[PDB]
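Worksheet for the structure shown next.
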Amino acid sequence: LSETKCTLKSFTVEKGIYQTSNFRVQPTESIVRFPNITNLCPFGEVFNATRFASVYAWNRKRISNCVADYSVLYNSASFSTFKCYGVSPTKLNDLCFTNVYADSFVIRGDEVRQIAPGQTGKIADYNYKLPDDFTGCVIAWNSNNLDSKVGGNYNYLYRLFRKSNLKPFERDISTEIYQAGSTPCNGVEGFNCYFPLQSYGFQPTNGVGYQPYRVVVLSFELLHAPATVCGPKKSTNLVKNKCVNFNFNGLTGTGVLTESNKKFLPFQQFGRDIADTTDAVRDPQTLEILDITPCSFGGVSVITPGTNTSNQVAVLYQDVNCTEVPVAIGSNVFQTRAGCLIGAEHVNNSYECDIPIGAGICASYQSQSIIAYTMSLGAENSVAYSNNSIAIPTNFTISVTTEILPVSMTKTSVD
Amino acid sequence: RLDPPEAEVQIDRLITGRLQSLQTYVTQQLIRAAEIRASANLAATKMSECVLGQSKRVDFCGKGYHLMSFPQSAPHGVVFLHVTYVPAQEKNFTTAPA
Amino acid sequence: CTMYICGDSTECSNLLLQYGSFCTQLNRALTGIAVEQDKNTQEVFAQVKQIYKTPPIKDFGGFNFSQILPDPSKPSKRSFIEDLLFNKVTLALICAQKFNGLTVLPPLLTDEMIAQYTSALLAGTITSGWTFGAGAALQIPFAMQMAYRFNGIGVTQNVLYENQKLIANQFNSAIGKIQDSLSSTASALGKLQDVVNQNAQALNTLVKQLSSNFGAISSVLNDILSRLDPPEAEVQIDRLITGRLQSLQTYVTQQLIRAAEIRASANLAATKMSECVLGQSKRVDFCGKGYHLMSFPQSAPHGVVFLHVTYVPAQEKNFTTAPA
Amino acid sequence: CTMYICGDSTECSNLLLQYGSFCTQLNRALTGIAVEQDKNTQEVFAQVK
Amino acid sequence: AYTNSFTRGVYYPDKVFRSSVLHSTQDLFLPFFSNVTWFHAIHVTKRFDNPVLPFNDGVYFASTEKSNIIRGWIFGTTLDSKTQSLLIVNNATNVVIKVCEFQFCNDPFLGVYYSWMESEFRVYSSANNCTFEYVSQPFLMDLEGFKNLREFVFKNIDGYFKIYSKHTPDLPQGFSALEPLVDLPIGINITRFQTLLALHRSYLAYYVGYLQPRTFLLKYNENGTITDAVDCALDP
Ligand SMILES: *[C@@H]1O[C@H](CO)[C@@H](O)[C@H](O)[C@H]1NC(C)=O
Ligand SMILES: *[C@@H]1O[C@H](CO)[C@@H](O)[C@H](O)[C@H]1NC(C)=O
Ligand SMILES: *[C@@H]1O[C@H](CO)[C@@H](O)[C@H](O)[C@H]1NC(C)=O
């Protein structure tokens, strides 16, 4: 009752039926039926292999259309460095990754501190640099036993002489003599002329900081475009008679999913009708047909008998069956063709209409209470027609009535 | 609280929101005034036939059989009084064509 | 309003709140075209006080009122002519396009209390004449009521009393061509279909305009939320509110303008019923074409149908006159 | 619509397509009110055979 | 040697389902009743046709034959070692796919000596500096021993190669729709194409068309099948 006073904004309400608000039901179970049909990303071919590359000539590989599951690294891999930028380490299972690239190179033990944006060094100025707007993670671990031998290993190389500083993600695989003085080198090594590329030396008896290391750089974007590297939640296999949030491969919303009778073609995935409305979807993991149905619409109105005479009201839930709506958000439920009355009883006699409802029903105030009855057209009469009878009056009466008509309204002007 | 080349963009939503809310008012007043002009022509006809004469149209001037009528005035309107004739106290008989 | 514009988001309701009160103005206009449509049908039909019935024995002097009176076999207690009009006019994704918050309300008078209103006017104009609309019903035989009416166009009574059989045969043969004219031509009800076509066609553009971006990245209100900066979206979300609000005003204005000729058409049936049924008319070419005798009503989906009975001369000759 | 709004330029014929069906709807009233006028002048005069 | 396709060539543009809806679409289609070019490869003089053709937007390819003589087509920009190419060659054992900078000669073709068995494979000389390959599963196909027809569509948009096909047994007066078959992203520049064939130990049909931007009307079915489609620019 108080809602009506705050809807028409007054302290007194007359007879009638007023529409006040709406009726919605909030979904509870939010699910991501993440379509991780494909196989796992190459987590083995990327992390461990036979041989690696050098600092001056790194490698690039593209990984796409795969499911992200890093849990297989726990039994074997033993890393030594784990730092992430632009994303939380704990949230990586619930997101997607697009345009993911991996780079492989081998650096020195004490030179692993240079793999970070905003650093200076001999690897960060001539061989490999990182951008300022960096979004990813860097992992480094030792490989002393797999990259050492007696007499030293001399297959790893690095650059020592260059004209200026490099740029992020710029590769320089050109080799040439470097002139360190005012005298031209003329392409022949000699005074003030050395080879800009040098070689590394690793031994099994070397110190802690003089042992080889392997570092992998991963870069990706978050939430700007379609992605193909993604992580699973697998909170699938829902209940088929409740309104829940659904997140399919390329759809999002809410509704009720059931089993249908239509047949989707292999080269088709979604469902549509004459109007541009989503009405079907195919399970990418189980290959079945599903439906979508609304659950969260409707409106309610309040019936009042006169605000000072009583404080009793009845409400109507339009176009709602009397099972979903609670009797009070009852022992008095009447089902009609216009909704579901709550708070009024059913009587058998017939009177004239007082407050219309619809479909041939009315309601009126008559201690006292509120009743719902069926309207009656009028009384009943019959005429005794016969082929040789007639009726003629014998008196008369005079009567006077009234009639009202509007003729004009108010004139007005604006500036 | 603003400068000349910066407040111009700020005052271009007030004078575009206060302008759309005027055309709605005028449009709705062009339809209301067309439902009264259809009722000011019915009163004129009902004054030239029920009052200045006698009418044989059924259920036009009152209910029953028309005798006469009287007009009265009211604020922004008019009120009529209709006089009629009604039978009563019937009886039964017997008839024959010829 | 909100279910159509802002969907189910809460980042849109706050922005919509700044536009004043443009929902109680568009909702108080569509509720004025819902009570008038129910007041329209309480003037055409509800003109009788009581409910009359016809006696069992049917001796009307030769006339046969069998194909316009109710029968109990078919339901709703309709007649044999009201049951051929329904099959002609067709009331045709209504099943699930209610996604966006559209509703249809049911009319107050079900189509069973109109068949009980058009079966009393018909049964009270046969056994009473025209006295049941101006007082109390008074009985009279049919063959004398016809003479009463026949005296009103100039011809005397013995003309009718000497040709009863011929007139009865002519009337019986005349009513019965209508059945073949209605049960074979599926285009007679022409102007009762436009009021359905023009109402069900304007409801499709409103839905089909929900997928047109008015100058934004996309027409769905989740791809400008998932991948755009929280400050940047409020610049392009504001580009959709105006677009979806300018298409919700033309619809209301068009409906308001169009629902004003239906009242003009329904103010004519309430006069035709009161003058061509409850009495006899002298106005030329109003209730038919010829000389007026009597009339009968019938019901139809969202409309009414009349039947007029007239008088036409034939077989002229030549003579010679003089004033005095 | 297309000629009144932006002449014959092709830079507007593409920008105008993302406004829905605003100009197909306005090209139907000024054909539904152009036949009623031809029907009106038949009721008054054509009353004889 | 000129003929116009009456109403042939229609491919499913969508990826969704519909039931008895006449929704209209606007995309790239071959115009109705447009003349195309007829090429002949017969031995009475012996006829051997394999020229170089433009690749403006796409080519509606159809091949009518009693025995399989057409294997595949070469693609690229200038067809040398300086630019990459897309190689689709059927070697009578498996489908060969490779994206490399090959080196083609004037007349690369296959052939046999006899019973029937492949005797030559002369396509390319050198191919280096490439990073793509794909090997189809091995299979056996009979040789020797018109009745059949195969239709293809080529499109390269946004670094994606799409192919639609449908096999169904001059050209007849039938009508059918095309469904997607494969989808491979390359992201290269394509401006020309050329076919290769095989010969039966001897020295010395198909039609090539084009498309245009034109909108059609598609009438679906209860089962989501495109039965009939009507153009909107042919006749008034
Ligand atoms: C209060 O309701 C009663 C109904 O019993 C009515 O008679 C009275 O007029 C109402 N009050 C006012 C101030 O109208
Ligand atoms: C009303 O009708 C119902 C069912 O016909 C019956 O159970 C009930 O007793 C009736 N009540 C009265 C007061 O007649
Ligand atoms: C037939 O082909 C010729 C090519 O020489 C072309 O000019 C002509 O337009 C084609 N016919 C039709 C109807 O297009």
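First residue shown is number 1, and so on along the chain.
Quick check of the header: electron microscopy, 3.3 Å.
Including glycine, each Cβ sits where the backbone N, Cα and C put it.
Listed in Swiss-Prot for this protein:
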DISULFID  C:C1-C:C23  disulfide bond
DISULFID  C:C6-C:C12  disulfide bond
CARBOHYD  C:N64  N-linked glycosylation site
REGION    C:164-214  region 'Heptad repeat 1'
DISULFID  C:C276-C:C287  disulfide bond
CARBOHYD  C:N318  N-linked glycosylation site
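For the pair formed by C:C12 (disulfide bond) and C:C1 (disulfide bond), distance between Cα atoms is given as 12 Å, rounded to the nearest Å. With respect to their backbone Cα atoms, C:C276 (disulfide bond) and C:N64 (N-linked glycosylation site) stand 21 Å from each other. Listed in sequence order, the residues of the same chain lying 6 or more apart from C:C1 (disulfide bond) and placing their CB within less than 8 Å of its CB are C:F22, C:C23, C:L26, C:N27, C:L248. Each residue in the region 'Heptad repeat 1' (C:164-214) gets a DSSP state, and the totals come to 35 helix, 0 strand, 16 coil. Here the Cα atom of C:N64 (N-linked glycosylation site) is found 22 Å from that of C:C287 (disulfide bond). With a 10 A radius on its CB, C:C12 (disulfide bond) counts 18 other CB atoms from all the protein chains. Screening the disulfide-bonded residues C:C6, C:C12, C:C23, C:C276, C:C287 for a C-beta under 6 A from any atom of ligand 2 leaves none. Around C:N318 (N-linked glycosylation site), taking its Cβ as the centre, 4 other Cβ atoms fall within 10 Å, counting all chains. Shown are the disulfide-bonded residues C:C6, C:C23, C:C276, C:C287; of these, the residue with the fewest other Cβ atoms within 10 Å is C:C23. Rounded to the nearest whole angstrom, the C-alpha distance between C:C6 (disulfide bond) and C:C287 (disulfide bond) is 54. C:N318 (N-linked glycosylation site) is 31 Å away from C:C287 (disulfide bond) when you measure Cα to Cα. The Cβ neighbour count for C:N64 (N-linked glycosylation site), using a 10 Å radius over every protein chain in view, is 13.
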